[PDB]
Amino acid sequence: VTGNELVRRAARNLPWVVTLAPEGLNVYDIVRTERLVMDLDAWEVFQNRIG
Amino acid sequence: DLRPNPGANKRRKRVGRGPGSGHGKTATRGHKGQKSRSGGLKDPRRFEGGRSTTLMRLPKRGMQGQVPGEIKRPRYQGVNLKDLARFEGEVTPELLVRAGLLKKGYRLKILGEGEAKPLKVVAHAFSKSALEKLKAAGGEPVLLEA
Amino acid sequence: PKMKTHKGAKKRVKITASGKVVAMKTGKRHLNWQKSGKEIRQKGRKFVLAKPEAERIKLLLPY
Amino acid sequence: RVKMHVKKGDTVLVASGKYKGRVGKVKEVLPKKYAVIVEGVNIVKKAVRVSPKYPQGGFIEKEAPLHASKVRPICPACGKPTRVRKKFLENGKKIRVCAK
RNA sequence: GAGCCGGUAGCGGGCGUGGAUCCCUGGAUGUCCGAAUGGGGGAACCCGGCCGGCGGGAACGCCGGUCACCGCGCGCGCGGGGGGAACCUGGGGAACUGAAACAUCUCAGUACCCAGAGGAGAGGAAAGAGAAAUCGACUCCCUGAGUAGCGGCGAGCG
RNA sequence: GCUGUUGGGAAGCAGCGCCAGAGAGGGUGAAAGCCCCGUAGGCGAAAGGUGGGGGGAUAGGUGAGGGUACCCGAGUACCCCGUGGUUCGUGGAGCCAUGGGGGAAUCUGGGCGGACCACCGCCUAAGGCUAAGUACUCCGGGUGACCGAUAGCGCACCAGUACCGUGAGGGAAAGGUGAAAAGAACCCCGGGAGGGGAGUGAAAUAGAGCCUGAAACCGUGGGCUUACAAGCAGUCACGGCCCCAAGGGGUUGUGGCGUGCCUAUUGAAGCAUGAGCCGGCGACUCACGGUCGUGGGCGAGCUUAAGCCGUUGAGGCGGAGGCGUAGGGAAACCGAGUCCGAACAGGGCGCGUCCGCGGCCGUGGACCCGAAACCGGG
RNA sequence: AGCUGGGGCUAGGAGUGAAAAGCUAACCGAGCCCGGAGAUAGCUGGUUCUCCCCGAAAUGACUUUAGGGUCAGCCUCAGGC
RNA sequence: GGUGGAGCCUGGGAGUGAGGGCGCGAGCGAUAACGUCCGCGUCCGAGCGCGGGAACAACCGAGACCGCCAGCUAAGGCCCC
RNA sequence: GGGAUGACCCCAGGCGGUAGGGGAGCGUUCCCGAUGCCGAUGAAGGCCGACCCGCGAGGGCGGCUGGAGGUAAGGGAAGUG
RNA sequence: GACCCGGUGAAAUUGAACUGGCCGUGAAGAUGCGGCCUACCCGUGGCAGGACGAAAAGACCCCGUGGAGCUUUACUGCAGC
Ligand SMILES: [Mg+2]
Ligand SMILES: [Mg+2]
Ligand SMILES: [Mg+2]
Ligand SMILES: [Mg+2]
Ligand SMILES: [Mg+2]
Ligand SMILES: [Mg+2]
Ligand SMILES: [Mg+2]
Ligand SMILES: [Mg+2]
Ligand SMILES: [Mg+2]
Ligand SMILES: [Mg+2]
Ligand SMILES: [Mg+2]
Ligand SMILES: [Mg+2]
Ligand SMILES: [Mg+2]
Ligand SMILES: [Mg+2]
Ligand SMILES: [Mg+2]
Ligand SMILES: [Mg+2]
Ligand SMILES: [Mg+2]
Ligand SMILES: [Mg+2]
Ligand SMILES: [Mg+2]
Ligand SMILES: [Mg+2]
Ligand SMILES: [Mg+2]
Ligand SMILES: [Mg+2]
Ligand SMILES: [Mg+2]
Ligand SMILES: [Mg+2]
Ligand SMILES: [Mg+2]
Ligand SMILES: [Mg+2]
Ligand SMILES: [Mg+2]
Ligand SMILES: [Mg+2]
Ligand SMILES: [Mg+2]
Ligand SMILES: [Mg+2]
Ligand SMILES: [Mg+2]
Ligand SMILES: [Mg+2]
Ligand SMILES: [Mg+2]
Ligand SMILES: [Mg+2]
Ligand SMILES: [Mg+2]
Ligand SMILES: [Mg+2]
Ligand SMILES: [Mg+2]
Ligand SMILES: [Mg+2]
Ligand SMILES: [Mg+2]
Ligand SMILES: [Mg+2]
Ligand SMILES: [Mg+2]
Ligand SMILES: [Mg+2]
Ligand SMILES: [Mg+2]
Ligand SMILES: [Mg+2]
Ligand SMILES: [Mg+2]
Ligand SMILES: [Mg+2]
Ligand SMILES: [Mg+2]
Ligand SMILES: [Mg+2]
Ligand SMILES: [Mg+2]
Ligand SMILES: [Mg+2]
Ligand SMILES: [Mg+2]
Ligand SMILES: [Mg+2]
Ligand SMILES: [Mg+2]
Ligand SMILES: [Mg+2]
Ligand SMILES: [Mg+2]
Ligand SMILES: [Mg+2]
Ligand SMILES: [Mg+2]
Ligand SMILES: [Mg+2]
Ligand SMILES: [Mg+2]
Ligand SMILES: [Mg+2]
Ligand SMILES: [Mg+2]
Ligand SMILES: [Mg+2]
Ligand SMILES: [Mg+2]
Ligand SMILES: [Mg+2]
Ligand SMILES: [Mg+2]
Ligand SMILES: [Mg+2]
Ligand SMILES: [Mg+2]
Ligand SMILES: [Mg+2]
Ligand SMILES: [Mg+2]
Ligand SMILES: [Mg+2]
Ligand SMILES: [Mg+2]
Ligand SMILES: [Mg+2]
Ligand SMILES: [Mg+2]
Ligand SMILES: [Mg+2]
Ligand SMILES: [Mg+2]
Ligand SMILES: [Mg+2]
Ligand SMILES: [Mg+2]
Ligand SMILES: [Mg+2]
Ligand SMILES: [Mg+2]
Ligand SMILES: [Mg+2]
Ligand SMILES: [Mg+2]
Ligand SMILES: [Mg+2]
Ligand SMILES: [Mg+2]
Ligand SMILES: [Mg+2]
Ligand SMILES: [Mg+2]
Ligand SMILES: [Mg+2]
Ligand SMILES: [Mg+2]
Ligand SMILES: [Mg+2]
Ligand SMILES: [Mg+2]
Ligand SMILES: [Mg+2]
Ligand SMILES: [Mg+2]
Ligand SMILES: [Mg+2]
Ligand SMILES: [Mg+2]
Ligand SMILES: [Mg+2]
Ligand SMILES: [Mg+2]
Ligand SMILES: [Mg+2]
Ligand SMILES: [Mg+2]
Ligand SMILES: [Mg+2]
Ligand SMILES: [Mg+2]
Ligand SMILES: [Mg+2]
Ligand SMILES: [Mg+2]
Ligand SMILES: [Mg+2]
Ligand SMILES: [Mg+2]
Ligand SMILES: [Mg+2]
Ligand SMILES: [Mg+2]
Ligand SMILES: [Mg+2]
Ligand SMILES: [Mg+2]
Ligand SMILES: [Mg+2]
Ligand SMILES: [Mg+2]
Ligand SMILES: [Mg+2]
Ligand SMILES: [Mg+2]
Ligand SMILES: [Mg+2]
Ligand SMILES: [Mg+2]
Ligand SMILES: [Mg+2]
Ligand SMILES: [Mg+2]
Ligand SMILES: [Mg+2]
Ligand SMILES: [Mg+2]
Ligand SMILES: [Mg+2]
Ligand SMILES: [Mg+2]
Ligand SMILES: [Mg+2]
Ligand SMILES: [Mg+2]
Ligand SMILES: [Mg+2]
Ligand SMILES: [Mg+2]
Ligand SMILES: [Mg+2]
Ligand SMILES: [Mg+2]
Ligand SMILES: [Mg+2]
Ligand SMILES: [Mg+2]
Ligand SMILES: [Mg+2]
Ligand SMILES: [Mg+2]
């Protein structure tokens with residue numbers, strides 16, 4: 001989950017990365033993978049998005 | 001967690017019960033069985049028997065609407081002054097329906113029972129016991145006539 | 001679609017708060033009936049029973 | 001259109017089958033069935049003719065189409081897919097790098 | 001950019017790295033019928049007139065133009081005519097159904113017919129709405145709302 | 001992205017790699033990111049359509065004042081009769097249209113604010129145009145908890161065809177050899193078709209309207225069994241005999257016992273109905289509301305809709321609104337009360353949503369089949 | 001009052017009829033085809049896997065109602081008592 | 001007294017409203033009908049699944065979870081079948 | 001009720017069933033799980049099975065036939081028997 | 001024509017049938033139930049008594065709050081006048 005599209009591009013295309021926008025976080029794409037790696041400028045939008 | 005078993009916790013009841021059967025809803029298409037339940041019945045809330053089924057009642061509910069319709073009249077929502085007492089400040093409409101009660105229609109008639117907080121309510125109608133309740137603790141102004 | 005409320009049942013039936021259904025007793029109705037004698041007094045306001053289960057399913061949305 | 005493919009009438013390796021690795025000559029492209037013929041599949045045609053002429057001696061009968069997604073072209077290299085180099089006026093087929 | 005000559009398989013017959021086969025764009029030719037339109041017609045056919053062309057010839061021929069009808073302006077000229085799966089507006093417009101019969105009603109201004117029109121149509125700038133010393137074209141979507149109402153105050157419609 | 005491997009065939013398996021803004025998919029003799037076509041990304045229009053999205057000009061627009069009452073769309077407004085439209089079915093019937101009749105004025109005009117009238121407002125009819133957003137899908141593209149040849153269109157195929165109909169119209173069925181036609185040269189029988197060899201191929205009971213090819217059905221061979229037997233055809237019991245050798249299955253000789261299936265029924269073996277058999281197709285769903293339940297979330301709060309912004313099979317923003325917080329009453333209204341009443345007797349009535357899921361109901365065609373018919377257009 | 005070939009007219013509540021309600025494209029007390037239309041059917045048929053638990057009614061009232069339906073009776077499920 | 005797929009209440013889902021035989025009490029009929037209409041049952045309905053009744057829904061015995069090549073019995077039988 | 005939970009362990013009853021009500025399940029198609037795991041050292045399918053597990057629906061395993069797809073546990077939506 | 005032989009060779013119908021008779025019995029008219037009595041298995045040509053044979057979801061009757069046609073001093077319309 002990165003707000004840097006020039007690493008979303010890098011990880012777009014692997015058998016083990018689901019690339020994702022920082023706004024398009026969703027529980028199905030969380031759960032279908034076993035790890036989660038997110039930016040600080042994706043954790044900030046997630047933390048202010050939820051309560 | 002993973003896509004194996006987040007699954008719904010044992011209560012969906014979704015045998016969305018198909019009566020294709022021979023055991024289950026055994027072939028007369030559970031509940032059915034005679035005829036005139038064969039693709040329709042008429043209401044049966046207003047309806048039949050064919051007698052009146054209840055038209056033997058009678059419209060006391062008068063002033064039932066000349067043809068332009070209901071006069072677009074004021075309607076005062078009624079809050080208790082105990083459910084007004086959940087907050088603090090100069091309680092007004094928009095310390096109302098901006099938060100909570102009164103559902104936006106027309107202005108306010110507080111009333112009712114409960115602990116009248118000392119706070120000056122600018123309501124727009126009052127019950128006599130609400131006035132006597134919060135003059136015993138606090139104050140109030142009255143409606144807008146601007 | 002959007003289950004239509006029976007306007008007749010609105011016009012002659014009132015749904016209470018706790019769930020009963022109240023209407024005029026029948027026979028006072030301008031009489032067509034008879035002369036006086038306290039039956040027109042006792043035509044006040046009854047409440048029907050087990051007909052609400054077939055009657056509150058008409059009046060739904062505006063109570 | 002879609003029907004254009006790897007190469008044309010030159011020498012070419014086949015990496016297919018029984019002939020997994022065989023450098024055949026000029027290949028005589030099919031290509032609506034997307035094959036060539038080149039030098040590989042040499043299966044016997046048990047046929048007389050349509051016109052009854054010069055009858056059956058032996059059968060040294062001719063080749064078969066050989067579907068053209070397995071004819072790896074050649075240069076001073078082995079295999080190495082074709083590429084396009086244009087040089088401002090042309091469109092030449094240069095392999096994964098040797099030349100030509 | 002090397003194979004082609006359509007769905008080729010066969011005569012073998014040619015044609016292409018001086019650029020083909022293809023694909024796109026723009027022309028040309030578009031026989032005859034069709035709005036059919038020179039007249040007729042039983043569509044894909046007959047029979048013409050005028051001008052211009054080939055003893056190929058004056059008579060029958062054939063070629064290439066032009067010859068319908070209506071609407072608009074000054075004999076003269078620009079459009080229209082028919083088609084289109086639905087979509088839309090207008091003119092007409094049912095009945096079975098539902099009301100547990102049925103006539104008012106509903107189905108429904110639905111289907112269908114006709115006209116028109118176009119990529120949309122419609123409507124549209126207030127002699128509006130109706131409670132606000134208010135909103136400010138029209139259309140569409142969601143709310144309003146199954147509300148207000150209408151209703152053999154039934155069915156239901158709204 | 002090469003090698004080795006079993007293989008007909010490798011991309012499968014294994015080793016050693018590499019690309020990735022390309023690990024979407026297809027085909028490749030099967031299971032391919034690295035063979036092909038592609039995809040990510042990025043170029044490309046001479047010619048035509050296209051297009052203020054971007055800037056350019058044109059056409060047009062710039063009796064503020066105070067007056068002499070000039071002009072503000074005519075058989076029109078208004079009135080009546082007749083109707084349609086709007087929620088409006090004659091109703092208290094306005095309004096908007098207008099078929100009939102009477103019939104005006106141009107701003108101290110005229111209409112409207114739901115009979116009407118008077119105040120207060122609102123707005124200028126009887127002339128026209130006016131993009132945008134919206135409906136649509138013959139068309140082109142992609143997308144599918146869409147179908148996979150009786151499905152999906154009626155047509156995957158030479159189908160709106162054959163065939164039926166005078167006609168309007170109806171209207172079918174019918175896909176798959178294999179990797180490649182290598183689609184069987186040559187014999188032999190036969191007139192040929194068809195075979196049997198040979199050959200192909202991994203496979204030819206893959207051999208040509210050919211993959212798999214079930215069942216009904218029809219044969220052939222074998223085992224058991226029947227020609228003094230009786231039965232809804234079985235079942236239980238023993239016994240006999242070939243298969244496996246413990247125990248089994250196959251047969252059925254005798255005995256015992258046994259009135260088929262479904263539907264409709266007060267009752268059916270029923271001499272009531274349907275069913276020749278087999279294979280397929282075939283009938284409780286869905287949209288929006290409602291009523292109860294249950295799993296959840298939040299909880300006197302709950303809660304989005306259309307739309308907006310963004311994607312890759314990312315979702316957020318949007319509180320207009322809807323329910324719910326107070327009810328009584330016809331209503332004004334009053335309020336933990338309200339109403340009936342003269343009554344401070346009496347009595348009537350007096351406190352959650354949003355999803356998911358299920359039962360059920362409403363309007364939907366609403367479980368599927370079937371009418372006689374009715375009407376419109378031909 | 002003939003028959004018949006050709007050319008033509010008249011068509012659906014309409015034609016036509018020396019009349020029978022006959023004929024109108026092989027079935028006419030209102031043709032056929034398409035469309036409304038998946039009309040409607042209180043009627044007949046049919047309803048497709050398995051197991052387990054509990055298990056009725058054919059009665060009353062009312063019905064333009066008597067083969068249908070509404071409510072109660074009998075039934076089941078869940079909750080509370 | 002009665003712990004029983006007893007009850008009472010609320011809510012959801014019904015089905016059913018063509019019943020029938022037998023017994024008893026009657027009506028109608030003829031002190032007829034496997035007749036018809038009720039009341040109290042019962043049973044079939046749905047228990048004919050079983051035993052007896054020769055066969056046979058409702059007569060008599062009895063309420064079938066499944067098995068067993070065990071037993072005691074009900075109505076009914078005991079010469080054979 | 002026993003339970004030193006592991007609610008498996010016993011106990012008293014019940015267990016015909018139509019319309020029905022209620023509860024468990026098995027299957028088919030599709031999807032998530034899946035860029036995964038199986039599969040030519042033979043997929044789906046077909047024919048068998050006297051075996052195995054399940055009360056059953058069915059599921060496994062084995063044998064041929066087939067010659068290329070299948071898709072786990074848990075779930076979801078049905079054009080579901 | 002039928003019948004035999006050679007050739008081509010349909011059909012409606014059909015639950016499966018391994019399909020006897022009589023007395024009973026059973027939804028009241030039995031090959032199928034009980035009891036008895038006959039009766040080797042299979043045809044061919046026949047006759048038609050039965051299989052409530054076939055055919056037509058009775059064409060008479062009744063029910064449908066079906067549908068039409070028609071009538072009229074039924075009701076209400078419309079044409080016409
Ligand atoms: Mg990646
Ligand atoms: Mg089913
Ligand atoms: Mg019935
Ligand atoms: Mg019945
Ligand atoms: Mg009545
Ligand atoms: Mg509301
Ligand atoms: Mg060039
Ligand atoms: Mg050619
Ligand atoms: Mg060129
Ligand atoms: Mg050329
Ligand atoms: Mg060309
Ligand atoms: Mg020319
Ligand atoms: Mg012409
Ligand atoms: Mg003409
Ligand atoms: Mg001609
Ligand atoms: Mg000359
Ligand atoms: Mg000359
Ligand atoms: Mg001419
Ligand atoms: Mg011009
Ligand atoms: Mg036109
Ligand atoms: Mg009508
Ligand atoms: Mg009706
Ligand atoms: Mg009627
Ligand atoms: Mg209407
Ligand atoms: Mg427009
Ligand atoms: Mg306009
Ligand atoms: Mg304006
Ligand atoms: Mg609206
Ligand atoms: Mg191999
Ligand atoms: Mg693949
Ligand atoms: Mg293969
Ligand atoms: Mg691949
Ligand atoms: Mg690109
Ligand atoms: Mg250009
Ligand atoms: Mg240009
Ligand atoms: Mg343009
Ligand atoms: Mg004006
Ligand atoms: Mg005049
Ligand atoms: Mg007026
Ligand atoms: Mg009124
Ligand atoms: Mg004035
Ligand atoms: Mg006006
Ligand atoms: Mg106004
Ligand atoms: Mg007026
Ligand atoms: Mg007014
Ligand atoms: Mg426009
Ligand atoms: Mg729009
Ligand atoms: Mg396409
Ligand atoms: Mg499929
Ligand atoms: Mg597919
Ligand atoms: Mg097919
Ligand atoms: Mg088809
Ligand atoms: Mg097939
Ligand atoms: Mg075709
Ligand atoms: Mg014909
Ligand atoms: Mg192949
Ligand atoms: Mg031969
Ligand atoms: Mg075949
Ligand atoms: Mg085959
Ligand atoms: Mg044999
Ligand atoms: Mg003997
Ligand atoms: Mg013997
Ligand atoms: Mg016997
Ligand atoms: Mg026996
Ligand atoms: Mg017996
Ligand atoms: Mg039986
Ligand atoms: Mg019954
Ligand atoms: Mg009977
Ligand atoms: Mg029978
Ligand atoms: Mg029989
Ligand atoms: Mg019969
Ligand atoms: Mg019957
Ligand atoms: Mg909650
Ligand atoms: Mg934005
Ligand atoms: Mg009180
Ligand atoms: Mg539900
Ligand atoms: Mg009618
Ligand atoms: Mg004549
Ligand atoms: Mg003629
Ligand atoms: Mg006539
Ligand atoms: Mg005729
Ligand atoms: Mg008739
Ligand atoms: Mg007619
Ligand atoms: Mg129908
Ligand atoms: Mg309709
Ligand atoms: Mg039935
Ligand atoms: Mg029981
Ligand atoms: Mg009835
Ligand atoms: Mg009831
Ligand atoms: Mg009970
Ligand atoms: Mg209940
Ligand atoms: Mg009844
Ligand atoms: Mg009765
Ligand atoms: Mg009884
Ligand atoms: Mg009786
Ligand atoms: Mg009784
Ligand atoms: Mg008696
Ligand atoms: Mg008697
Ligand atoms: Mg009787
Ligand atoms: Mg009983
Ligand atoms: Mg019983
Ligand atoms: Mg018995
Ligand atoms: Mg017995
Ligand atoms: Mg028992
Ligand atoms: Mg004993
Ligand atoms: Mg005894
Ligand atoms: Mg049971
Ligand atoms: Mg049941
Ligand atoms: Mg599956
Ligand atoms: Mg593997
Ligand atoms: Mg499958
Ligand atoms: Mg298998
Ligand atoms: Mg096996
Ligand atoms: Mg699975
Ligand atoms: Mg289905
Ligand atoms: Mg189905
Ligand atoms: Mg013969
Ligand atoms: Mg029959
Ligand atoms: Mg016999
Ligand atoms: Mg015999
Ligand atoms: Mg007999
Ligand atoms: Mg006998
Ligand atoms: Mg028997
Ligand atoms: Mg006979
Ligand atoms: Mg008969
Ligand atoms: Mg009948
Ligand atoms: Mg009637
Ligand atoms: Mg008629
Ligand atoms: Mg009248």
# chains A, B, ... in the order shown; residues from 1 in each chain; ligands from 1
call {"tool": "residues_around", "arguments": {"residues": "residue B:80", "least_positions_apart": "5", "cutoff": "7 Å", "atoms": "only C-alpha atoms (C1' of nucleotides)", "output": "list in words"}}
result
residues 110, 111, 112 and 113 of chain B
call {"tool": "residues_around", "arguments": {"residues": "residue E:124", "least_positions_apart": "5", "cutoff": "10 Å", "atoms": "only C-alpha atoms (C1' of nucleotides)", "output": "PyMOL selection string"}}
result
(chain E and resi 137-139) or (chain F and resi 130)
call {"tool": "residues_around", "arguments": {"residues": "stretch 2-15 of chain A", "least_positions_apart": "6", "cutoff": "6 Å", "atoms": "only C-alpha atoms (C1' of nucleotides)", "output": "ChimeraX atom specification"}}
result
/A:21-22,38-39,42 /F:21,23 /I:35
call {"tool": "write_last_selection", "arguments": {"atoms": "C-alpha atoms (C1' of nucleotides)", "output": "PDB file, in the first residue's frame"}}
result
ATOM      1  CA  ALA A  21      -3.223   2.610  -3.922  1.00  0.00           C
ATOM      2  CA  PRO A  22      -3.165   4.225  -0.457  1.00  0.00           C
ATOM      3  CA  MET A  38       2.509   0.183   3.742  1.00  0.00           C
ATOM      4  CA  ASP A  39       3.983   3.635   3.575  1.00  0.00           C
ATOM      5  CA  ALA A  42      -0.518   5.435   3.451  1.00  0.00           C
TER       6      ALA A  42
ATOM      7  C1'   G F  21       5.986   0.088 -16.249  1.00  0.00           C
ATOM      8  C1'   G F  23       3.211 -13.222 -13.971  1.00  0.00           C
TER       9        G F  23
ATOM     10  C1'   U I  35      -0.049 -16.216 -10.577  1.00  0.00           C
TER      11        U I  35
END
call {"tool": "interface_residues", "arguments": {"of": "chain C", "to": "chain E", "cutoff": "12 Å", "atoms": "only C-alpha atoms (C1' of nucleotides)", "output": "number ranges by chain"}}
result
C: 1-12, 58-62
call {"tool": "residues_near_ligand", "arguments": {"ligand": "ligand 65", "cutoff": "8 Å", "atoms": "only C-alpha atoms (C1' of nucleotides) and all ligand atoms", "output": "PDB file with C-alpha atoms (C1' of nucleotides), in the first residue's frame"}}
result
ATOM      1  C1'   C F 257     -45.171 -64.437   1.879  1.00  0.00           C
ATOM      2  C1'   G F 258     -46.612 -60.818  -1.257  1.00  0.00           C
TER       3        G F 258
ATOM      4  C1'   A H  55     -59.704 -62.555   0.836  1.00  0.00           C
TER       5        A H  55
ATOM      6  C1'   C J  33     -56.714 -60.996  -3.682  1.00  0.00           C
ATOM      7  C1'   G J  34     -58.630 -65.781  -1.149  1.00  0.00           C
TER       8        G J  34
END
call {"tool": "residues_around", "arguments": {"residues": "stretch 43-60 of chain E", "least_positions_apart": "5", "cutoff": "9 Å", "atoms": "only C-alpha atoms (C1' of nucleotides)", "output": "MDAnalysis selection string"}}
result
chainID E and resid 32:34 38 65:67
call {"tool": "residues_near_ligand", "arguments": {"ligand": "ligand 96", "cutoff": "9 Å", "atoms": "only C-alpha atoms (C1' of nucleotides) and all ligand atoms", "output": "number ranges by chain"}}
result
H: 20-21, 41-42
call {"tool": "atom_distance", "arguments": {"atom1": "atom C1' of residue J:49", "atom2": "atom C1' of residue F:276"}}
result
27.5 Å
call {"tool": "residues_near_ligand", "arguments": {"ligand": "ligand 58", "cutoff": "10 Å", "atoms": "only C-alpha atoms (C1' of nucleotides) and all ligand atoms", "output": "MDAnalysis selection string"}}
result
chainID F and resid 209:210 213
call {"tool": "residues_around", "arguments": {"residues": "residue B:77", "least_positions_apart": "2", "cutoff": "10 Å", "atoms": "only C-alpha atoms (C1' of nucleotides)", "output": "ChimeraX atom specification"}}
result
/B:74-75,79,101-111,125 /F:326
call {"tool": "residues_around", "arguments": {"residues": "residue B:34", "least_positions_apart": "3", "cutoff": "12 Å", "atoms": "only C-alpha atoms (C1' of nucleotides)", "output": "VMD selection string"}}
result
(chain B and resid 28 to 31 37 to 38) or (chain F and resid 264 to 265) or (chain G and resid 42 to 44 67 to 68) or (chain H and resid 15 to 18) or (chain I and resid 19)
call {"tool": "residues_around", "arguments": {"residues": "residue B:100", "least_positions_apart": "2", "cutoff": "12 Å", "atoms": "only C-alpha atoms (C1' of nucleotides)", "output": "list in words"}}
result
residues 79, 83, 84, 86, 87, 92, 93, 94, 95, 96, 97, 98, 102, 103 and 104 of chain B; 300, 301, 302, 319, 324 and 325 of chain F
call {"tool": "residues_near_ligand", "arguments": {"ligand": "ligand 45", "cutoff": "12 Å", "atoms": "only C-alpha atoms (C1' of nucleotides) and all ligand atoms", "output": "ChimeraX atom specification"}}
result
/B:68 /E:130-131 /F:94,112-121
call {"tool": "select_by_dssp", "arguments": {"residues": "chain B", "states": "alpha helix (DSSP H)", "output": "tab-separated table (two decimals) with C-alpha atoms, in the first residue's frame"}}
result
chain	number	residue	atom	x	y	z
B	128	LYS	CA	-46.97	24.70	30.79
B	129	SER	CA	-45.29	22.01	32.85
B	130	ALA	CA	-42.06	22.49	30.91
B	131	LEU	CA	-42.15	26.21	31.68
B	132	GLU	CA	-42.90	25.45	35.33
B	133	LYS	CA	-40.14	22.83	35.28
B	134	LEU	CA	-37.23	24.92	34.04
